[PDB]
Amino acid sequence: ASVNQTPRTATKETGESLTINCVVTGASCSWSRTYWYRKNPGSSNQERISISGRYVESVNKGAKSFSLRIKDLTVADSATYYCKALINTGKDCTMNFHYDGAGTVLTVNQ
């Protein structure tokens, strides 16, 4: 059905870190993480987030969740962050579509 992404909004000072969690919801079928991405204010572009260095990700099939962690936050990290998953659906779990979380609006100050 859907992906529940938390937190929906966030404010942090420079140096802190942000953790985002995405829970696959209303699914009796399997799913997989596709990627995370950001939209910068005033732009429609989706910038995929490459996982390395200060971007750490994890996946927890037991809890039907996947997460992203961002360390050493800077002002330019202010953006809305999204999680994308590929989810099987339908009676026999025979179809698949991509679903996005509703996003985390990150504001970074100082």
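From 1 onward, residues are counted along the sequence shown.
Averaged over CA atoms, B-factors in the entry run higher in 53 to 61 than in the other of 53 to 61 and 32 to 40.
Per-stretch averaging of Cα B factors for 7 to 15 and 93 to 101 places 7 to 15 on top. In the PDB entry, a CA B factor belonging to the middle third of its chain's modelled residues is recorded for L68. Annotation for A76: C-alpha temperature factor in the highest third relative to the rest of the modelled chain, per the entry.
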